[PDB]
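> Chains as they are written, first to last, in the deposited numbering: chain C, 48 to 76; chain D, 48 to 74; chain A, 74 to 237; chain B, 71 to 236. Where a beta carbon is used, it is the ideal one built from N, C-alpha and C, also for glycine.
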Amino acid sequence: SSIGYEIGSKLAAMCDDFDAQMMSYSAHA
Amino acid sequence: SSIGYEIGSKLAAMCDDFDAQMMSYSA
Amino acid sequence: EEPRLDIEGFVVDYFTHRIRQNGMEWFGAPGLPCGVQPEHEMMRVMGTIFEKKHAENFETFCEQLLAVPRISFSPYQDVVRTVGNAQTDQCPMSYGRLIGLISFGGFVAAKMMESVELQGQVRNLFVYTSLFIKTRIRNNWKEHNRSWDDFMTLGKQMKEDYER
Amino acid sequence: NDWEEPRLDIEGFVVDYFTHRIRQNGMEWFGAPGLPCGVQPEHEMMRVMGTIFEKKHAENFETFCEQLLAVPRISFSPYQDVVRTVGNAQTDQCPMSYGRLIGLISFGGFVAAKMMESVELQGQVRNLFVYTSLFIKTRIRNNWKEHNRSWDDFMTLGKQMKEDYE
Numbered sequence: 048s049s050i051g052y053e054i055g056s057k058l059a060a061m062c063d064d065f066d067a068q069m070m071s072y073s074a075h076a
Numbered sequence: 048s049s050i051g052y053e054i055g056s057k058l059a060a061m062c063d064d065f066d067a068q069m070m071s072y073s074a
Numbered sequence: 074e075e076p077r078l079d080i081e082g083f084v085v086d087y088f089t090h091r092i093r094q095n096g097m098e099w100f101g102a103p104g105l106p107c108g109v110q111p112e113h114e115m116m117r118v119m120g121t122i123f124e125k126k127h128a129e130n131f132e133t134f135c136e137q138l139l140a141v142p143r144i145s146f147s148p149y150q151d152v153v154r155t156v157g158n159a160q161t162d163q164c165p166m167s168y169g170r171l172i173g174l175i176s177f178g179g180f181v182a183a184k185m186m187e188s189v190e191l192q193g194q195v196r197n198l199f200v201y202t203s204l205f206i207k208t209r210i211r212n213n214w215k216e217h218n219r220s221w222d223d224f225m226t227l228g229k230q231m232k233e234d235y236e237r
Numbered sequence: 071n072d073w074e075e076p077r078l079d080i081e082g083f084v085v086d087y088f089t090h091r092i093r094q095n096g097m098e099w100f101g102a103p104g105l106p107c108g109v110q111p112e113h114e115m116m117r118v119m120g121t122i123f124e125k126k127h128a129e130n131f132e133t134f135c136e137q138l139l140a141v142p143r144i145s146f147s148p149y150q151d152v153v154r155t156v157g158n159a160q161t162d163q164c165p166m167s168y169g170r171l172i173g174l175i176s177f178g179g180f181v182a183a184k185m186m187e188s189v190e191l192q193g194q195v196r197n198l199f200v201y202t203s204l205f206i207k208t209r210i211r212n213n214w215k216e217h218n219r220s221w222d223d224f225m226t227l228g229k230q231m232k233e234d235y236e
């Protein structure tokens, strides 16, 4: 294993990047 | 001024070198 | 918590969607008592967008998971647990992590089905993915101002940009 | 054109980088407008490109700062001359290449950090931020499409270059 932790670290970064982008539409007004 | 041009010219040169280095990445 | 929006329902619908998108049919897919929701159709879109962005990486992740001796299930749990415990100043289960976990899990589900030898572990994949997300979602969303309605609004906007 | 996306508005890059640079100097910029979108991966990459740019020319940045402080009344005009010169500096590529973009934000962030070390200079920090942002905004508008440059390509090259220094 140990591989799951590193695969997970990458998934989380990708996930946070997606969230950041998606959370930019809460940017109007 | 003339100081701003001088600094600007050197920063321009530094920037162009940085860009060239970046362009060396279509690899 | 509308039974209509139960997490297990989102996982099942997306996994089913991704498997079918791979040219197959999931005959072990439990039923969705309330049917296909609009929130589900949005997750399908977000999941597809997410996968296209990281398709190559998803492929590599699968290969590495297949290199684990006996193709054990625990390393995948390590993946999921790591995403949920990565650290952040917001919701540990943000829309991005939710989409990432369901998108990757669906990708893996579709690949596993192409192998009769791995089909048995598909139940582990969806039960565990659903339970983990569930235990994580509330007691964690109502305190970071996150909700399905907000998911839909932002998701609607993002969907349009990608549809040109 | 991805540089037209509200998410990727130049003001965002400048505010984020300037804020980041000031903090690196052990300070808290409590007068920085907010990021009406939150920190983006592209800002993350700019922080790295900017850090590498500064380290490459740390000595010169210091000397430049000293020369600017030697101008009577420490007027803001000479700084605009710096910025304008970098943009009008000839090339057969984009007048506002990734390199110049990075150089302007990196030097600007450095200057912002130093200026915050002086109460007397803090007021002019608004000028620094606003002007830098507006100048770069105009130049990208009339240069990126033509010379086929984009944030996606920027990101592609930035990752590879971040790897070499990593």
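Is there a C-beta anywhere in chain A that falls below 8 angstroms from the one on C/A76?
Mapped onto the first sequence, residue 76 of chain C falls at position 29. C/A76 does not count as touching chain A.
> For the candidate residues A/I80, A/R93, A/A128, whose alpha-carbon lies nearest to that of A/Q110?
As a position in the third sequence, residue 110 of chain A is number 37, starting the count at 1. Measuring from the Cα of A/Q110, the nearest candidate turns out to be A/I80.
> Should A/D234 be labelled buried (16 or more other beta-carbon atoms within 10 Å of its own) or exposed?
The residue given as residue 234 of chain A occupies position 161 in the third sequence. Classification for A/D234: exposed.
> Going by the beta-carbon positions, is the gap between B/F131 and B/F180 smaller than 8 angstroms?
In the fourth sequence, the residue the question calls residue 131 of chain B occupies position 61. In the fourth sequence, the residue the question calls residue 180 of chain B occupies position 110. Contact: yes.
> Restricting to runs no shorter than 4 residues, where is the alpha helix (DSSP H) found entirely within the segment 166-205 of chain B?
Counting only runs of 4 or more, we get 168-185, 189-192.
> Look up A/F100 in the DSSP assignment and say whether it is helix, strand or coil.
The residue given as residue 100 of chain A occupies position 27 in the third sequence. DSSP places A/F100 in coil when its eight states are reduced to three.
> Compute the minimum distance between the beta carbon of D/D63 and the heavy atoms of the ligand GDP, and state whether it is under 7 angstroms.
Absent from the structure shown: the ligand GDP. Ligands present: none.
> Confirm, please, whether the CB-CB distance from A/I92 to A/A182 is below 8 angstroms.
Within the third sequence, residue 182 of chain A is the residue found at index 109, counting from 1. Within the third sequence, residue 92 of chain A is the residue found at index 19, counting from 1. Yes, the Cβ-Cβ distance between A/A182 and A/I92 is below 8 angstroms.
> Assign D/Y52 to one of three DSSP states: helix, strand, or coil.
Mapped onto the second sequence, residue 52 of chain D falls at position 5. Residue state, collapsed to three classes: helix.
> Comparing alpha-carbon positions, which option in B/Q192, B/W73, B/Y201, B/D223 lies nearest B/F100?
Looking up residue 100 of chain B in the fourth sequence gives position 30. It is B/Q192.
> In whole angstroms, what is the alpha-carbon distance linking A/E236 and B/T155?
Taking the first residue of the third sequence as position 1, residue 236 of chain A is located at position 163. Taking the first residue of the fourth sequence as position 1, residue 155 of chain B is located at position 85. When rounded, the distance between both Cα atoms is 40 angstroms.
> Name the residues in the segment 148-172 of chain B whose C-beta lies less than 9 angstroms from a C-beta of chain D; which are they?
So the list reads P148, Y149, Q150, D151, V152, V153, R154, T155, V156, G157, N158, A159, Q160, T161, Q163, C164, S167, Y168, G169, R170, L171, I172, given in the order they occur along the chain.
> Quick check: the Cα distance between A/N158 and A/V152, rounded to an integer number of angstroms?
Here residue 158 of chain A refers to the residue found at position 85 when the third sequence is read from its first residue. Here residue 152 of chain A refers to the residue found at position 79 when the third sequence is read from its first residue. So the alpha carbons of these two residues sit roughly 10 angstroms apart.
> So does the segment 160-169 of chain A actually touch the segment 208-227 of chain A, counting three or more Cβ pairs closer than 8 angstroms?
A contact exists between the segment 160-169 of chain A and the segment 208-227 of chain A.
> Using only CA atoms, which one of B/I210, B/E190, B/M186 lies nearest to B/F199?
Against the fourth sequence, residue 199 of chain B aligns to sequence position 129. Comparing Cα positions, the closest option is B/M186.
> Taking any Cβ of chain C, which residues in the segment 109-127 of chain B have a Cβ under 7 angstroms from it, in chain order?
Hits within the stretch, in order: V109, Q110, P111.
> Since C/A67 meets chain B, which of its residues come closer than 7 angstroms, beta carbon to beta carbon?
For this step, residue 67 of chain C is matched to residue 20 along the first sequence. Ordered by position in chain B, the residues that pass the 7 angstroms Cβ test against C/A67 are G108, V109, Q110, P111.
> How about B/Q137 and D/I50: do their beta carbons lie closer than 8 angstroms?
The residue given as residue 137 of chain B occupies position 67 in the fourth sequence. The residue given as residue 50 of chain D occupies position 3 in the second sequence. Contact flag set, yes.
> Between the Cα of B/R77 and the Cα atoms of B/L105, B/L204, B/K125, which residue gives the shortest distance?
Here residue 77 of chain B corresponds to residue number 7 of the fourth sequence, with the count starting at 1. When only C-alpha atoms are compared, the closest one is B/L105.
> In this structure, how does DSSP classify B/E236 when only helix, strand and coil are distinguished?
By one-based count along the fourth sequence, residue 236 of chain B stands at place 166. Coil at B/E236, not helix or strand.
> What residue range does the alpha helix (DSSP H) around B/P76 cover?
Indexing the fourth sequence from 1 puts residue 76 of chain B at position 6. Segment: none, B/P76 is in no alpha helix (DSSP H) and carries neither H nor E.
> Are the beta-carbon atoms of C/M69 and A/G173 separated by less than 8 angstroms?
For this step, residue 69 of chain C is matched to residue 22 along the first sequence. For this step, residue 173 of chain A is matched to residue 100 along the third sequence. No, these two residues do not count as a Cβ contact at 8 angstroms.
> Would A/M97 be called buried (16 or more neighbouring beta carbons within 10 Å of its own) or exposed?
As a working mapping, residue 97 of chain A is identified with position 24 in the third sequence. It is exposed - the Cβ of A/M97 has fewer than 16 other Cβ atoms within 10 Å.
> At 8 angstroms on the CB atoms, spell out the chain C contacts of A/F177, in chain order.
Within the third sequence, numbered from 1, the residue matching residue 177 of chain A stands at position 104. Under the 8 angstroms cutoff, chain C gives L58.
> Which of the three DSSP states, helix, strand or coil, is assigned to B/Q160?
As a working mapping, residue 160 of chain B is identified with position 90 in the fourth sequence. DSSP places B/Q160 in coil when its eight states are reduced to three.
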